[PDB]
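Below is one structure, written out as structure tokens, with a few remarks after it.
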Amino acid sequence: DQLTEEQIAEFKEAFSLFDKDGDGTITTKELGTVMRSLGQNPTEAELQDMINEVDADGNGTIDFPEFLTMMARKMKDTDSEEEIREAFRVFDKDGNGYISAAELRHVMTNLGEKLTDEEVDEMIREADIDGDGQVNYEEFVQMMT
Amino acid sequence: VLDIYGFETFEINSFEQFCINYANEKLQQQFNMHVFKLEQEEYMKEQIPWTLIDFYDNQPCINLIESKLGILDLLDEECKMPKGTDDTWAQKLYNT
Amino acid sequence: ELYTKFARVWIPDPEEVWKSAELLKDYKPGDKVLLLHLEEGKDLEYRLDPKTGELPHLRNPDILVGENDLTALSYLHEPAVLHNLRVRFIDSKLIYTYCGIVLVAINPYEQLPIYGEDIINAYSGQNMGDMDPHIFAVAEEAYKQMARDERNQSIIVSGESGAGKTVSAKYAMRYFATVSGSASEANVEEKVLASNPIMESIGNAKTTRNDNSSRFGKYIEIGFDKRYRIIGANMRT
Amino acid sequence: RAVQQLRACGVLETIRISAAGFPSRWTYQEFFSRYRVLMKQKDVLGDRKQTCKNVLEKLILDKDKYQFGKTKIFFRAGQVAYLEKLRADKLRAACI
């Protein structure tokens, strides 16, 4: 039962990691870091526009209540399993839920705004990959939502 | 193997260019004929109605030049009329 | 309409006839002026008129540009053509390109290995689309049509005299001689090529804009027997 | 220099005339292989030709702009560029 006071307790926990002076405030510079640590998923430009709506300098601070405003703003605009499945499905050569591990690297590191060497190394160590073949993406839909 | 000059246009433009341009008009009509014919064939190969392909025709322009009362016809007609001149030739053009 | 943010468009320029720009904000009717990001500056602005429903020329997608045939493009206009020719010529050194039925040859002012006999072999027997465009592909197309149908064939070469039409004709005749297998008997090439200095001396002039301009139509009829062995040429003017 | 040469060789007007008709064209297998990006799995039927017809009339509602030949779909100017723009937009949103 989302956005009840229980869920706001872990939002205070994760916020307290970045309120290093301990006054109820965090910098704009880590706002994406805390939101994605809590597992809510904004894009880069979206986050930057949400920061620059608060300050044209971009370099500033946000108090705990208005951090909860920014969390609620993203929660109103949340994805779904079928919307994430659609994003993988345009790359499906067969139509069976599988995508090439070669073309996956092209999608991760050449197309779009891209994933870094660290993000690639971390994900590839857990995924255990040594090849370029077809691999199931319905797992990705479930596990990353 | 036919080697010929292309369309020509300069700051000062004269009879040499006029002739060259007329020859290029004729070649272009032939080129349009050839292309339009091959398109009509391809359209029938693909079963597409010929009424969709609009035919651009420069015959009205060729008629302005080579036909009776055309710019060349009035030039020859001016060459044998007594005391004809580039000015009266130009007047015939405007009048016509 | 769909003239959106990040759409690429062409704009006219004095130094290079057209320049590429990127639409910095979505267009909507009544947004009478466009914010355009240029290579020279992040924003320089261009204006549109209610008159004619005025718009800048849109640009073709990158997959289509550089193609061997200009009819493959989706937007057909001056900057797209110019760009395709510029890139193929400048970056890939490709001096030949197709437009519909026409072959476009860009004069390099330099010798190239593309006229070698191995390439003559490579083009022999091929269909038009099976190969990148080359004058031998035109020569082959004519030669195959002459064999397939009784109707005669003509190669028409047009452009300024400086563009090198003689080189195109030289290689087309050599191509015919070689694919016919006639050069073990024919001596027509040597004589036909040796005729050019006189034809240029008598039939060529200096114009206000060009030197060695050709002022007549020259027609060389390469005759063939019933087995397609070459017979010596007939010249008309 | 080159724009002038291209104008003089008639290449530009040839292209202008060509642009008034179905200038581009794609085989059914090739078109299907390119544009699956714009076909949900419930748009995909038991035939690639009928799939391409039901998809193309959904993607471009204006029935003048294209025609179905025996082996190829043919297109007016701008239509393929719109399909590739939409393809690039869909793939950009997806990879993001």
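Ordering of the structure tokens sets the chain letters (A, B, ...), residue numbers begin anew at 1 in every chain, and ligands are numbered from 1 in the order given.
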
Name the residues of chain D that come out as alpha helix (DSSP H) in a backbone DSSP run; write them as a PyMOL selection string. chain D and resi 2-8+11-19+28-35+48-59+79-95

Could you pull the residues within 9 Å of residue C:126, counting only C-alpha atoms, minus those fewer than 6 positions along the same chain, as number ranges by chain? C: 137, 140-141

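Going from atom CA of residue C:234 over to atom CA of residue B:2, you cover 12.1 Å.
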
Interface, chain C side, toward chain D (10 Å; only C-alpha atoms) as a PyMOL selection string: chain C and resi 2+7+17+58-64+70-79+81-82+85-86+99-100+102+104+106+158-160

May I have the residues within 10 Å of residue D:38 as a PyMOL selection string, using only C-alpha atoms and disregarding those fewer than 6 positions away in the same chain? (chain A and resi 90) or (chain D and resi 32+55-56+59+83+86-87+90-91)

Could the residues in this selection be written to a file with N, CA, C and O atoms, as a PDB file, in the first residue's frame?
```
ATOM      1  N   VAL A  90      11.113  -4.550 -29.686  1.00  0.00           N
ATOM      2  CA  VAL A  90      11.504  -3.969 -30.989  1.00  0.00           C
ATOM      3  C   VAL A  90      12.860  -4.470 -31.513  1.00  0.00           C
ATOM      4  O   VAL A  90      13.142  -4.302 -32.699  1.00  0.00           O
TER       5      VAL A  90
ATOM      6  N   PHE D  32       9.309  -5.668 -44.663  1.00  0.00           N
ATOM      7  CA  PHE D  32       8.968  -6.376 -43.422  1.00  0.00           C
ATOM      8  C   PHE D  32      10.172  -6.479 -42.466  1.00  0.00           C
ATOM      9  O   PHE D  32      10.071  -6.120 -41.292  1.00  0.00           O
ATOM     10  N   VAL D  55      -0.435  -2.700 -41.981  1.00  0.00           N
ATOM     11  CA  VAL D  55       0.499  -1.799 -41.290  1.00  0.00           C
ATOM     12  C   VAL D  55       0.632  -0.456 -42.018  1.00  0.00           C
ATOM     13  O   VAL D  55       0.469   0.584 -41.388  1.00  0.00           O
ATOM     14  N   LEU D  56       0.916  -0.431 -43.327  1.00  0.00           N
ATOM     15  CA  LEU D  56       1.154   0.824 -44.054  1.00  0.00           C
ATOM     16  C   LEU D  56      -0.070   1.752 -44.080  1.00  0.00           C
ATOM     17  O   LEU D  56       0.088   2.945 -43.838  1.00  0.00           O
ATOM     18  N   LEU D  59       0.023   3.319 -40.665  1.00  0.00           N
ATOM     19  CA  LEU D  59       1.165   4.239 -40.512  1.00  0.00           C
ATOM     20  C   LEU D  59       1.033   5.529 -41.335  1.00  0.00           C
ATOM     21  O   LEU D  59       1.478   6.579 -40.878  1.00  0.00           O
ATOM     22  N   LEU D  83       8.848   7.276 -42.291  1.00  0.00           N
ATOM     23  CA  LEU D  83       8.951   5.932 -41.701  1.00  0.00           C
ATOM     24  C   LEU D  83      10.291   5.695 -40.980  1.00  0.00           C
ATOM     25  O   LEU D  83      10.299   5.190 -39.859  1.00  0.00           O
ATOM     26  N   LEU D  86      10.361   7.951 -37.721  1.00  0.00           N
ATOM     27  CA  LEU D  86       9.543   7.253 -36.726  1.00  0.00           C
ATOM     28  C   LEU D  86      10.247   6.002 -36.162  1.00  0.00           C
ATOM     29  O   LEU D  86      10.228   5.767 -34.954  1.00  0.00           O
ATOM     30  N   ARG D  87      10.920   5.223 -37.020  1.00  0.00           N
ATOM     31  CA  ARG D  87      11.774   4.084 -36.635  1.00  0.00           C
ATOM     32  C   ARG D  87      12.909   4.515 -35.697  1.00  0.00           C
ATOM     33  O   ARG D  87      13.092   3.903 -34.645  1.00  0.00           O
ATOM     34  N   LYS D  90      11.324   5.580 -32.262  1.00  0.00           N
ATOM     35  CA  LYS D  90      10.933   4.365 -31.524  1.00  0.00           C
ATOM     36  C   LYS D  90      12.145   3.662 -30.901  1.00  0.00           C
ATOM     37  O   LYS D  90      12.127   3.363 -29.707  1.00  0.00           O
ATOM     38  N   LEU D  91      13.205   3.433 -31.682  1.00  0.00           N
ATOM     39  CA  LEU D  91      14.449   2.809 -31.206  1.00  0.00           C
ATOM     40  C   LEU D  91      15.181   3.663 -30.157  1.00  0.00           C
ATOM     41  O   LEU D  91      15.717   3.114 -29.194  1.00  0.00           O
TER      42      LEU D  91
END
```

Compile the residues of chain B that lie within 9 Å of chain C, evaluated using only C-alpha atoms, and express the compilation as a list in words. residues 1, 2, 3, 4, 5, 6, 7, 10 and 35 of chain B

Keeping only N, CA, C and O atoms, write the selected residues to a file as a PDB file, in the first residue's frame.
```pdb
ATOM      1  N   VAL B   1      28.400   5.790 -80.117  1.00  0.00           N
ATOM      2  CA  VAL B   1      28.863   6.614 -78.990  1.00  0.00           C
ATOM      3  C   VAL B   1      28.690   8.059 -79.427  1.00  0.00           C
ATOM      4  O   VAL B   1      29.347   8.490 -80.374  1.00  0.00           O
ATOM      5  N   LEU B   2      27.762   8.779 -78.803  1.00  0.00           N
ATOM      6  CA  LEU B   2      27.481  10.176 -79.088  1.00  0.00           C
ATOM      7  C   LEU B   2      28.064  11.074 -78.004  1.00  0.00           C
ATOM      8  O   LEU B   2      27.685  10.978 -76.843  1.00  0.00           O
ATOM      9  N   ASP B   3      28.945  11.976 -78.400  1.00  0.00           N
ATOM     10  CA  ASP B   3      29.531  12.995 -77.533  1.00  0.00           C
ATOM     11  C   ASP B   3      28.895  14.328 -77.921  1.00  0.00           C
ATOM     12  O   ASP B   3      28.989  14.743 -79.077  1.00  0.00           O
ATOM     13  N   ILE B   4      28.250  15.001 -76.971  1.00  0.00           N
ATOM     14  CA  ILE B   4      27.610  16.297 -77.201  1.00  0.00           C
ATOM     15  C   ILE B   4      27.773  17.225 -76.004  1.00  0.00           C
ATOM     16  O   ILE B   4      28.046  16.795 -74.883  1.00  0.00           O
ATOM     17  N   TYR B   5      27.705  18.525 -76.242  1.00  0.00           N
ATOM     18  CA  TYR B   5      27.731  19.551 -75.201  1.00  0.00           C
ATOM     19  C   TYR B   5      26.439  19.536 -74.354  1.00  0.00           C
ATOM     20  O   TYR B   5      25.367  19.156 -74.828  1.00  0.00           O
ATOM     21  N   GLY B   6      26.538  19.922 -73.079  1.00  0.00           N
ATOM     22  CA  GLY B   6      25.391  20.046 -72.161  1.00  0.00           C
ATOM     23  C   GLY B   6      24.647  21.386 -72.310  1.00  0.00           C
ATOM     24  O   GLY B   6      25.019  22.222 -73.135  1.00  0.00           O
ATOM     25  N   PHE B   7      23.579  21.595 -71.529  1.00  0.00           N
ATOM     26  CA  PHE B   7      22.838  22.868 -71.496  1.00  0.00           C
ATOM     27  C   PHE B   7      23.814  24.011 -71.166  1.00  0.00           C
ATOM     28  O   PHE B   7      24.721  23.825 -70.355  1.00  0.00           O
ATOM     29  N   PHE B  10      25.133  31.738 -69.757  1.00  0.00           N
ATOM     30  CA  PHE B  10      26.166  32.692 -69.369  1.00  0.00           C
ATOM     31  C   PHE B  10      25.516  34.046 -69.102  1.00  0.00           C
ATOM     32  O   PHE B  10      24.332  34.256 -69.371  1.00  0.00           O
ATOM     33  N   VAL B  35      12.325   7.560 -70.448  1.00  0.00           N
ATOM     34  CA  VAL B  35      12.028   7.311 -69.049  1.00  0.00           C
ATOM     35  C   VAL B  35      10.533   7.026 -68.883  1.00  0.00           C
ATOM     36  O   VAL B  35      10.176   5.983 -68.352  1.00  0.00           O
TER      37      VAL B  35
END
```

Would you mind listing, for every residue of chain B within 8 Å of chain D, the two atoms forming the shortest contact and the distance between them in Å to one decimal, using only C-alpha atoms, sorted by chain and ascending residue number, as a tab-separated table?
```
residue	atom	partner	partner_atom	distance
B:6	CA	D:9	CA	5.9
B:7	CA	D:8	CA	4.9
B:8	CA	D:8	CA	6.6
B:45	CA	D:70	CA	7.9
B:46	CA	D:69	CA	4.4
B:47	CA	D:69	CA	6.1
B:48	CA	D:69	CA	6.6
B:52	CA	D:21	CA	7.8
B:53	CA	D:21	CA	6.2
B:54	CA	D:21	CA	7.5
B:56	CA	D:17	CA	7.2
```

Residues as selected, N, CA and C atoms, written as a short mmCIF file (atom, residue, chain, number, x, y, z; two decimals), in the first residue's frame, can you do that?
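Full text of selection_21.cif as output:
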```cif
data_model
loop_
_atom_site.label_atom_id
_atom_site.label_comp_id
_atom_site.auth_asym_id
_atom_site.auth_seq_id
_atom_site.Cartn_x
_atom_site.Cartn_y
_atom_site.Cartn_z
N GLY B 6 26.54 19.92 -73.08
CA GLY B 6 25.39 20.05 -72.16
C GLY B 6 24.65 21.39 -72.31
N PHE B 7 23.58 21.60 -71.53
CA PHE B 7 22.84 22.87 -71.50
C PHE B 7 23.81 24.01 -71.17
N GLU B 8 23.64 25.20 -71.73
CA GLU B 8 24.60 26.29 -71.53
C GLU B 8 23.88 27.61 -71.19
N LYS B 45 4.11 -3.95 -65.44
CA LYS B 45 4.73 -5.13 -64.85
C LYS B 45 4.24 -5.30 -63.41
N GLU B 46 4.15 -4.20 -62.69
CA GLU B 46 3.68 -4.16 -61.31
C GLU B 46 2.16 -3.99 -61.19
N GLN B 47 1.43 -3.96 -62.32
CA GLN B 47 -0.02 -3.81 -62.43
C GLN B 47 -0.59 -2.47 -61.94
N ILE B 48 0.21 -1.41 -61.96
CA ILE B 48 -0.18 -0.09 -61.48
C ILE B 48 -0.78 0.73 -62.65
N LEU B 52 -2.03 7.19 -62.90
CA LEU B 52 -1.33 7.76 -61.75
C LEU B 52 -0.07 8.50 -62.15
N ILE B 53 0.63 8.03 -63.19
CA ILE B 53 1.86 8.68 -63.63
C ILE B 53 1.49 9.88 -64.51
N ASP B 54 1.68 11.08 -63.98
CA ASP B 54 1.44 12.30 -64.74
C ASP B 54 2.60 12.48 -65.70
N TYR B 56 4.92 14.82 -67.73
CA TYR B 56 5.39 16.18 -67.90
C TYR B 56 5.84 16.24 -69.34
#
```

Restrict the distance test to only C-alpha atoms, flag each residue of chain A within 10 Å of chain D, and return the flagged residues as a tab-separated table (two decimals) with N, CA, C and O atoms, in the first residue's frame.
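For reference, part_18.tsv as written:
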```tsv
chain	number	residue	atom	x	y	z
A	43	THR	N	15.11	8.95	-16.15
A	43	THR	CA	16.18	9.22	-17.14
A	43	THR	C	17.07	10.40	-16.74
A	43	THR	O	16.78	11.13	-15.79
A	44	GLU	N	18.18	10.60	-17.46
A	44	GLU	CA	19.17	11.66	-17.16
A	44	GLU	C	18.62	13.08	-17.39
A	44	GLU	O	18.69	13.93	-16.50
A	83	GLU	N	5.23	-2.10	-20.89
A	83	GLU	CA	5.96	-0.94	-21.43
A	83	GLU	C	7.48	-1.18	-21.51
A	83	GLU	O	8.14	-0.78	-22.47
A	84	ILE	N	8.05	-1.88	-20.52
A	84	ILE	CA	9.46	-2.31	-20.53
A	84	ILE	C	9.67	-3.45	-21.54
A	84	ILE	O	10.64	-3.44	-22.30
A	85	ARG	N	8.73	-4.41	-21.61
A	85	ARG	CA	8.72	-5.49	-22.62
A	85	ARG	C	8.69	-4.94	-24.05
A	85	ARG	O	9.48	-5.40	-24.87
A	86	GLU	N	7.84	-3.95	-24.34
A	86	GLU	CA	7.82	-3.22	-25.62
A	86	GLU	C	9.21	-2.68	-26.01
A	86	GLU	O	9.64	-2.84	-27.15
A	87	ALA	N	9.93	-2.06	-25.06
A	87	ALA	CA	11.28	-1.55	-25.28
A	87	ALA	C	12.29	-2.64	-25.71
A	87	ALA	O	13.06	-2.40	-26.64
A	88	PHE	N	12.29	-3.82	-25.08
A	88	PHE	CA	13.10	-4.96	-25.57
A	88	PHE	C	12.58	-5.55	-26.89
A	88	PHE	O	13.36	-5.87	-27.78
A	89	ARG	N	11.26	-5.66	-27.05
A	89	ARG	CA	10.57	-6.39	-28.13
A	89	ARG	C	10.84	-5.85	-29.53
A	89	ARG	O	10.85	-6.63	-30.48
A	90	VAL	N	11.11	-4.55	-29.69
A	90	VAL	CA	11.50	-3.97	-30.99
A	90	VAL	C	12.86	-4.47	-31.51
A	90	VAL	O	13.14	-4.30	-32.70
A	91	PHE	N	13.68	-5.10	-30.67
A	91	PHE	CA	14.96	-5.73	-31.03
A	91	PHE	C	14.87	-7.27	-31.17
A	91	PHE	O	15.89	-7.92	-31.39
A	92	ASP	N	13.68	-7.88	-31.07
A	92	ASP	CA	13.51	-9.34	-31.14
A	92	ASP	C	13.42	-9.82	-32.60
A	92	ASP	O	12.42	-9.64	-33.31
A	93	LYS	N	14.51	-10.44	-33.08
A	93	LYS	CA	14.62	-10.95	-34.46
A	93	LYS	C	13.64	-12.08	-34.77
A	93	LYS	O	13.25	-12.25	-35.92
A	95	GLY	N	10.71	-13.29	-32.39
A	95	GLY	CA	9.38	-13.08	-31.80
A	95	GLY	C	9.05	-14.07	-30.68
A	95	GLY	O	7.91	-14.53	-30.56
A	104	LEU	N	22.87	-6.55	-27.78
A	104	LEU	CA	22.74	-6.00	-26.42
A	104	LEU	C	23.90	-5.06	-26.06
A	104	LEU	O	23.66	-3.98	-25.52
A	106	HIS	N	25.82	-3.34	-28.26
A	106	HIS	CA	25.53	-2.21	-29.16
A	106	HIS	C	24.44	-1.28	-28.58
A	106	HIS	O	24.64	-0.06	-28.53
A	107	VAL	N	23.35	-1.84	-28.04
A	107	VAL	CA	22.29	-1.12	-27.31
A	107	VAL	C	22.78	-0.49	-26.00
A	107	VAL	O	22.41	0.64	-25.70
A	108	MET	N	23.62	-1.18	-25.22
A	108	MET	CA	24.16	-0.67	-23.95
A	108	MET	C	25.21	0.45	-24.11
A	108	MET	O	25.24	1.36	-23.29
A	111	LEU	N	24.52	2.88	-28.98
A	111	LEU	CA	23.22	3.57	-29.03
A	111	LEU	C	22.91	4.33	-27.72
A	111	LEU	O	23.50	4.07	-26.68
A	112	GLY	N	21.95	5.27	-27.77
A	112	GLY	CA	21.50	6.05	-26.61
A	112	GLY	C	22.60	6.91	-25.96
A	112	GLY	O	23.59	7.27	-26.61
A	113	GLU	N	22.43	7.26	-24.69
A	113	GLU	CA	23.41	8.05	-23.91
A	113	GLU	C	24.48	7.20	-23.22
A	113	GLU	O	25.56	7.72	-22.95
A	114	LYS	N	24.23	5.89	-23.07
A	114	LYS	CA	25.19	4.77	-22.88
A	114	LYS	C	25.49	4.44	-21.41
A	114	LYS	O	25.40	5.27	-20.51
```

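Residue neighbourhood of residue A:78, excluding near-sequence residues (fewer than 2 positions): residues 39, 40, 41, 42, 43, 71, 72, 73, 74, 75, 76, 80, 81, 83, 84 and 145 of chain A, at 12 Å, using only C-alpha atoms.
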
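Residues of stretch 11-99 of chain C assigned to strand (DSSP E) by DSSP on this structure's backbone: residues 11, 12, 18, 19, 20, 21, 22, 23, 33, 34, 35, 36, 37, 38, 41, 42, 43, 44, 45, 46, 47, 57, 58, 96, 97, 98 and 99 of chain C.
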